[PDB]
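Heads up: the first sequence runs through residues 296 to 644, 660 to 686, 693 to 831, numbered per the entry's author numbering.
A quick write-up on the structure given underneath.
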Amino acid sequence: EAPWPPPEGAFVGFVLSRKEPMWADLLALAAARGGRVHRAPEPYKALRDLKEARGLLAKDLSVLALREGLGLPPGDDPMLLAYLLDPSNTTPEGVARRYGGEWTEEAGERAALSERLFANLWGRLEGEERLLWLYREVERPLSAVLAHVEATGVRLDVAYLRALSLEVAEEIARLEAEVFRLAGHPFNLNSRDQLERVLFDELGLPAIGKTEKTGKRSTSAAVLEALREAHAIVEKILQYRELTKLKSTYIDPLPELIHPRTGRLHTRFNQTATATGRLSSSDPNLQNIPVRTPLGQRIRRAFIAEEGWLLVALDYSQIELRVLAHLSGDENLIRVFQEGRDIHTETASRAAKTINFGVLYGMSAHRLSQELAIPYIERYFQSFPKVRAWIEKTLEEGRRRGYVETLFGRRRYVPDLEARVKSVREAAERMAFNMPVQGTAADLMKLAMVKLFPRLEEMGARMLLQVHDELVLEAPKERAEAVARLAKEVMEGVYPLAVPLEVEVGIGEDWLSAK
DNA sequence: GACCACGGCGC
DNA sequence: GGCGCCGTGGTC
């Protein structure tokens, strides 16, 4: 042990009062180097001494620093190394338990664990040049970008949501009142246990589906959809469920999450959470804001730009299919994207839509038989033979090596590619050949975020949200159209493929208007 | 108060 | 056919 401050390039360790760095109280700050732990007397002011957040969960501490007006960029993170070695490595505890060490609740030990786990996992990346490139060029600099993004937050029209809440509440009460009549008695409509008995035991409706673990008569939307005219209560329940779903998840909780220092809504972009290399948003989740239903579109208008600013929404156009074309090298599918006609009138030479989106997931003919209503695909695979050839090629290589790769080299280990149970094996297969498609699209989006962000700062623009294949920026009205033009070009040319990457742009005062 | 499994559902 | 969060129900 040595007294604060630590020397240059030391690994950091810290303890928060809660997982959300924007709401966290920094309880303890420490730093280790050469096995020598430096503990801070007072954590908050000791942040001024550090010049780079370097260690486990570095981005989180960086977000807290940005919250306190301190410029503390995140550098190395053993979590990012482990994630590239294996996407199943998602948490410091799991990483420590796998590669040695104990993840505890003391800042000094965490700083020591960070230095060690790094040297361990860094030595494992020796010779892994494609994994090292992803670290230096994508993941490590992206953490610095996501730090600024999380600390920036998005402006939210709270008053509009408070108003919308009262409006939805009355339609919910109206629907709940009618369900009670048709049932002949009141009951908890939010309780699926109670709803099952009313529909299937009391009113005697055909119970079709059944729950997985416990085996109960399912009352899901899919099951109820077939009963939506068998009785009016089924129609009223599904309407009721949509409103309660949106109100209890978005309309009510979100206005309670406005930060007192920024006055904006702050989310967390988890960098090591998915098995494909995708990002995930939590606390709250802003990657699943409603947009489908009419009421959902109303909720999205609550997400507004600052006064004197505009939102810039950039969406990739079928990036996965374009990736699939590049990975397969299918001459026919490439020609469809290359010429620039409607991608689906051309792959028809609605039936063409569903499998052109479903082939990425391994959509069987069973669901297509139900979706398009024809009785019980092969026509598609003969139009694009290399696509089928690529799937078989990926699965074959997946069984040998034990993992599948993205374009840049991001790997996911699929163990059940040789299971003796067909349902298990074919399930793992669908996970196996989807990862290179979803992972590459994730790699492209990530790399696009890395290249674009410093261009935003130099133009006085902001990066607010990422929705897998979508970006939401914030730029002053003056620079708004210039930012949209530069951002569009950074995203489309992030990494030149055998097919061009298309991006649609949109500018507005809110998320709904811009998109 | 806290915790979690489950079903159901938003993207 | 990759995610996070809701209320319910149960437990501590």
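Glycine included, every Cβ here is placed at the ideal spot set by N, Cα and C.
Check, Outcome
"Taking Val307 as the reference, which of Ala407, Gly364 and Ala319 has the closest Cα?", "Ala407"
"State the start and end residues of the unbroken alpha helix (DSSP H) segment that holds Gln782.", "Here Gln782 belongs to no alpha helix (DSSP H); instead the beta strand (DSSP E) covers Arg778 to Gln782."
"Using 8 Å as the threshold, is the C-beta distance between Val358 and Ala442 below it?", "yes"
"If I measure Cβ to Cβ from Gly330 and keep anything under 8 Å in the same chain, skipping five residues before and after, which residues do I get?", "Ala407 and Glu410"
"Might you give, ordered along the chain, the residues of its own chain that have their beta carbon closer than 6 Å to the beta carbon of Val440, omitting 5 neighbours on each side?", "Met765 and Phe769"
"Smallest Cα separation from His554: which of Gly304, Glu445, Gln592 and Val799?", "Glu445"
"If we count Cβ pairs, one from each stretch, closer than 8 Å, do we get three or more for the segment 463-473 versus the segment 568-584?", "no"
"Quick one: any contact between the segment 472-483 and the segment 529-541, if contact means 3 or more CB pairs under 8 Å?", "yes"
"Roughly how many whole angstroms lie between the Cα atoms of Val730 and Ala796?", "44 Å"
"Within a Cβ cutoff of 8 Å, which residues of the same chain sit near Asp732, ignoring the five residues on either side of it in sequence?", "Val740, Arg741, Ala743 and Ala744"
"Are the Cβ atoms of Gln489 and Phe482 separated by less than 8 Å?", "yes"
"Relative to the alpha-carbon of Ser576, which residue among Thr569, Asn565, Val586 and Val493 has its alpha-carbon at the smallest distance?", "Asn565"
"What residues match up with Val788 in a beta bridge as DSSP calls it?", "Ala608 and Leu781"
"Assuming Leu376 and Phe413 make a contact with CB atoms under 8 Å, what is their CB distance in whole Å?", "7 Å"
"State the start and end residues of the unbroken beta strand (DSSP E) segment that holds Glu820.", "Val819 to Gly824"
"Using 8 Å as the Cβ pair cut-off and three pairs as the minimum, do the segment 595-608 and the segment 451-464 touch?", "yes"
"Can you tell me which residues form a DSSP beta bridge with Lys505?", "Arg512"
"State the beta-bridge partners of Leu451 as determined by DSSP.", "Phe598"
"In whole angstroms, give me the CA-to-CA distance for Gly714 and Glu424.", "20 Å"
"Starting from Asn565, trace the beta strand (DSSP E) in both directions and tell me its first and last residue.", "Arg563 to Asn565"
"When the Cα of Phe749 is compared with those of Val703, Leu781, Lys793 and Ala791, which residue comes out closest?", "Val703"
"How long is the line joining the alpha carbons of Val310 and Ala335, rounded to whole angstroms?", "12 Å"
"Assign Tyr686 to one of two classes, buried (16 or more other C-beta atoms within 10 Å of its C-beta) or exposed (fewer than that).", "exposed"
"Measuring only the C-alpha atoms, how far is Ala620 from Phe632?", "9 Å"
"Tell whether a beta-carbon distance below 8 Å holds between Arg727 and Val737.", "no"
"Compute the Euclidean distance between the alpha carbons of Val799 and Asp547, then round it to the nearest angstrom.", "33 Å"
"Just verifying my parser: in three-state terms, what is the DSSP assignment at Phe475?", "helix"
"From the DSSP output, in three-state form, read off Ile553 for me.", "strand"
"Is the segment 298-306 touching the segment 315-330, taking contact as three or more C-beta pairs under 8 Å?", "yes"
"With DSSP as the reference, please indicate the residues paired to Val631 in a beta bridge.", "Per DSSP, none; premise fails for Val631."
"Applying the criterion that 16 or more other CB atoms from any shown protein chain within 10 Å of the CB defines a buried residue, is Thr514 buried or exposed?", "buried"
"Report the rounded CA-to-CA distance for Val669 versus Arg405, giving the unit in angstroms.", "44 Å"
"If we ignore side chains and look at the alpha-carbon of each, how far apart do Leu781 and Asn485 end up?", "31 Å"
"What does the Cβ neighbour count give for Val586, buried or exposed, with the cut at 16 atoms within 10 Å?", "exposed"
"Assuming contact is defined by CB atoms lying nearer than 8 Å, are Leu345 and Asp372 in contact in what I supplied?", "no"
"Who are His526's beta bridge partners in DSSP?", "In the DSSP output, where bridge partners are listed per residue, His526 has none listed."
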